[PDB]
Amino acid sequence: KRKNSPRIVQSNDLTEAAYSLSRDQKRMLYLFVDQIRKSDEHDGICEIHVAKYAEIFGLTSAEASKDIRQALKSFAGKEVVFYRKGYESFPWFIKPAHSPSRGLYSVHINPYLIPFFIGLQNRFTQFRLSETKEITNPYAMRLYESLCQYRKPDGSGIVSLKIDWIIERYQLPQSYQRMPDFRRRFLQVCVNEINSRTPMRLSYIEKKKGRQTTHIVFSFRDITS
């Protein structure tokens, strides 16, 4: 099969939020949201084990330590903003991470994010973790999550996304407001990298209005077709 990798289940509000995290931060953010789904009333305290992280992401003990230490530092000052319109901004962490023993980090998610993570019925995105552990460009990650929000059961879909919305929720660098660059350094990159490192296969077409290009119409099928 391919069903042994953990099932990531995030609310569509998180899928659509505007924030900025590295690949490495997003890698961890998948793990945290997994822990949180164990509540009979959860508090926002998560733990991270170097040794297991290495096995999941195919990295050496030493380099897995570099990756974790450096991102935990980079969280501070980083906000996530939720919409639906609507406008709300929260901090990811409320305390610095730390290590009570070798190999172990304790992080403290803002408890208020707990409902935005768990979400509402028939209103959520889902994907296996194995589906996304070989992506490098975090932007390629954000797009894949989005596509997954519209995946039918047979692993196929069609969705049109407006470009001014991608620049906003995915918080793209300034210069990609000039379409030639948006084309070259974001769209063609994140599409090839999905085609290569995920079980999804993707094509696209550009919706133009006047001289301006305004929407990307993404459609895809699953490799097991």
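Residue positions are given as counts along the sequence shown, with the first one as 1.
The entry models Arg84 and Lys85 with a gap of 4 to 9 deposited residues left without coordinates. Of the two segments examined, 30-38 and 57-65, it is 30-38 that shows the higher average Cα temperature factor in the deposited entry. Across the two stretches, 165-173 and 47-55, the PDB entry reports the greater mean Cα temperature factor for 47-55. Note on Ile94, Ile135, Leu72, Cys148: the highest value goes to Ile94, judged by CA B factor as recorded. Of the candidates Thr213, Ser203, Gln10, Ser22, the one whose C-alpha carries the top B factor in the deposited record is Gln10. Remark: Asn110 belongs to the lowest third of its chain, ranked by C-alpha B-factor as recorded. In this PDB entry, the Cα temperature factor of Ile118 sits in the top third of its chain's modelled residues, the highest group.
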